[PDB]
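K.L.:
Have a look at the structure that comes next, please.
Chains as they are written, first to last, in the UniProt record's numbering: chain A, 201 to 346; chain B, 1705 to 1752; chain C, 1899 to 1947.
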């Protein structure tokens, strides 16, 4: 029970249900075999993967990430492929040094085309605030805004 | 004292805000109570 | 609404054992070969199982 609960909690997104069963190897020996069966969330059909947006990313990485996450079977595809694509894109952008370049969301599910629409960000507004901290023994600093 | 912790665990299990935020597009997460029966008379659809 | 009545009925177009296996239902079929950009001309509707 503890293993089932822990496995369900720690891998909630990918896996829909984990079942643990026990079968006797021999009746008299009382030794048993424990089998874990995992059933993850799936899509009825996914055929191709695409990335839209991401102007800064060169086409070479676009082709590489597309070739990396090709589904083997076009039926009953699990939901891990979109997370893998998102992870790869986020890792590439974070390695490049831009933290705010993130994968927006996914579209094309109606036509069975898993498309990740990357949304970029730019600096818009810059503001300044002037603060002065006081001195007291209250152990909780108070600020005056100027 | 244990009842409040049990309620917190139930809220974690049944109203996980992470899943219901993306439920319609790539998941299925609906609010229901415990399962009361396994079989029903075939003419219950008439209730609807 | 007119009330549905649950009376079993006797065979037609098939022997009582089987059902119509070859009936045509409008749901797209997916090719294993990847199609980069091609609309299915019919959305698969509810995608997740």
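We put the CB at the ideal spot given by N, CA and C, even for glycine.
Tell me the residue span of the alpha helix (DSSP H) that contains residue 293 of chain A.
P.N.:
Stepping through the first chain from its first residue, residue 293 of chain A is reached at position 93. Here the alpha helix (DSSP H) through residue 293 of chain A covers 280-296.
K.L.:
Looking at residue 248 of chain A: is its Cβ nearer than 8 angstroms to the Cβ of residue 1933 of chain C?
P.N.:
Numbered from its first residue, the first chain carries residue 248 of chain A at position 48. Numbered from its first residue, the third chain carries residue 1933 of chain C at position 35. Yes, they are a contact pair.
K.L.:
Pull up the distance between the alpha-carbon of residue 257 of chain A and that of residue 274 of chain A, whole angstroms please.
P.N.:
Here residue 257 of chain A refers to the residue found at position 57 of the first chain. Here residue 274 of chain A refers to the residue found at position 74 of the first chain. Distance between the alpha carbons of residue 257 of chain A and residue 274 of chain A: 28 angstroms.
K.L.:
Between B:1709, B:1714, B:1706 and B:1708, which has its C-alpha nearest residue 1738 of chain B's C-alpha?
P.N.:
For this step, residue 1738 of chain B is matched to residue 34 along the second chain. The shortest Cα separation from residue 1738 of chain B among B:1709, B:1714, B:1706 and B:1708 belongs to B:1714.
K.L.:
Residues of chain A with a CB under 9 angstroms from the CB of residue 1730 of chain B: which are they?
P.N.:
Taking the second chain and counting its residues from 1, one reaches residue 1730 of chain B at position 26. Going along chain A in sequence order, the residues near residue 1730 of chain B (Cβ under 9 angstroms) are 241, 243, 279, 282, 306 and 309.
K.L.:
Count the C-beta pairs between the segment 201-216 of chain A and the segment 232-240 of chain A that are closer than 8 angstroms, then say yes if the count reaches three, no if not.
P.N.:
Output reads yes: the segment 232-240 of chain A touches the segment 201-216 of chain A.
K.L.:
Can you pull the chain B neighbours of residue 1901 of chain C, defined as C-beta to C-beta under 8 angstroms?
P.N.:
Reading the third chain from its first residue, position 3 is the one you call residue 1901 of chain C. Under the 8 angstroms cutoff, chain B gives 1750.
K.L.:
Answer with yes or no whether the minimum CB distance from residue 1926 of chain C to chain B is below 8 angstroms.
P.N.:
Position 28 of the third chain, counted from the start, is the residue given in the question as residue 1926 of chain C. With 8 angstroms as the cut-off, residue 1926 of chain C does not count as an interface residue toward chain B.
K.L.:
Flag residue 287 of chain A as yes if its beta-carbon sits less than 8 angstroms from any beta-carbon of chain C, otherwise no.
P.N.:
As a first step, residue 287 of chain A must be located in the first chain, where it is residue number 87. So, not an interface residue.
K.L.:
So, at 6 angstroms on beta carbons, what are the nonlocal neighbours of residue 219 of chain A in its own chain, with the 5 sequence-adjacent residues on each side left out?
P.N.:
For the purposes of this step, residue 219 of chain A is taken as residue 19 along the first chain, with counting starting at 1. If we look at residue 219 of chain A and ignore the five residues flanking it on each side, its Cβ neighbours are 237.
K.L.:
From this set, A:234, A:315 and A:299, which residue's C-alpha is nearest residue 265 of chain A's C-alpha?
P.N.:
Sequence index remark: in the first chain, residue 265 of chain A carries index 65 (1-based). When only C-alpha atoms are compared, the closest one is A:315.
K.L.:
At the level of alpha carbons, what is the spacing between residue 310 of chain A and residue 203 of chain A?
P.N.:
Reading the first chain from its first residue, position 110 is the one you call residue 310 of chain A. Reading the first chain from its first residue, position 3 is the one you call residue 203 of chain A. Their backbone Cα atoms lie some 37 angstroms apart in a straight line.
K.L.:
Output, in chain order, the set of chain C residues within a Cβ distance shorter than 7 angstroms of residue 312 of chain A.
P.N.:
Within the first chain, numbered from 1, the residue matching residue 312 of chain A stands at position 112. What residue 312 of chain A touches in chain C: 1928, 1938 and 1942.
K.L.:
Between residue 341 of chain A and residue 313 of chain A, what straight-line distance do the alpha-carbon atoms span, to the nearest angstrom?
P.N.:
Translated into positions along the first chain, residue 341 of chain A becomes position 141. Translated into positions along the first chain, residue 313 of chain A becomes position 113. Straight-line Cα distance between these residues: approximately 55 angstroms.
K.L.:
Are the beta-carbon atoms belonging to residue 246 of chain A and residue 277 of chain A less than 8 angstroms from one another?
P.N.:
As a working note, residue 246 of chain A is residue 46 in the first chain. As a working note, residue 277 of chain A is residue 77 in the first chain. Cβ atoms of residue 246 of chain A and residue 277 of chain A: closer than 8 angstroms.
K.L.:
Taking C-beta to C-beta, are residue 217 of chain A and residue 235 of chain A nearer than 8 angstroms?
P.N.:
As a position in the first chain, residue 217 of chain A is number 17, starting the count at 1. As a position in the first chain, residue 235 of chain A is number 35, starting the count at 1. Not in contact: residue 217 of chain A and residue 235 of chain A (Cβ atoms no closer than 8 angstroms).
K.L.:
Using DSSP with H/G/I as helix, E/B as strand and the rest coil, what is residue 262 of chain A?
P.N.:
Counted from its first residue, the first chain places residue 262 of chain A at position 62. The answer is helix: DSSP assigns residue 262 of chain A an H, G or I state.
K.L.:
For residue 1727 of chain B, which residues in the same chain have their Cβ closer than 6 angstroms to its Cβ, ignoring the five residues on either side in sequence?
P.N.:
As a first step, residue 1727 of chain B is located in the second chain; it is residue number 23 there, counting from the start. 1733.
K.L.:
Do residue 303 of chain A and residue 323 of chain A come within 8 angstroms of each other at the CB atom, strictly closer than that value?
P.N.:
Numbered from its first residue, the first chain carries residue 323 of chain A at position 123. Numbered from its first residue, the first chain carries residue 303 of chain A at position 103. Cβ distance not < 8 angstroms, so residue 323 of chain A and residue 303 of chain A don't count as in contact.
K.L.:
Buried or exposed for residue 255 of chain A, going by 16 or more other Cβ atoms inside 10 Å?
P.N.:
The residue given as residue 255 of chain A occupies position 55 in the first chain. Residue 255 of chain A comes out exposed.
K.L.:
Can a CB atom of chain C be found closer than 8 angstroms to the CB of residue 1746 of chain B?
P.N.:
In the second chain, residue 1746 of chain B corresponds to position 42, counting from 1. Yes, residue 1746 of chain B lies at the interface with chain C (some Cβ there is under 8 angstroms from its Cβ).
K.L.:
Taking Cβ-Cβ distances shorter than 7 angstroms, what residues in chain C pair up with residue 247 of chain A?
P.N.:
Locating residue 247 of chain A in the first chain gives position 47, where the first residue counts as 1. Within chain C, the residues near residue 247 of chain A are 1928, 1932 and 1933.
K.L.:
What residues from chain C crowd round residue 275 of chain A, counting only those whose CB sits closer than 7 angstroms?
P.N.:
Walking along the first chain from the start, residue 275 of chain A turns up at place 75. The answer, in chain order, is 1928.
K.L.:
For chain A, find out if any of its Cβ atoms is closer than 8 angstroms to the Cβ of residue 1946 of chain C; answer yes or no.
P.N.:
Here residue 1946 of chain C refers to the residue found at position 48 of the third chain. It does; some Cβ of chain A falls within 8 angstroms.
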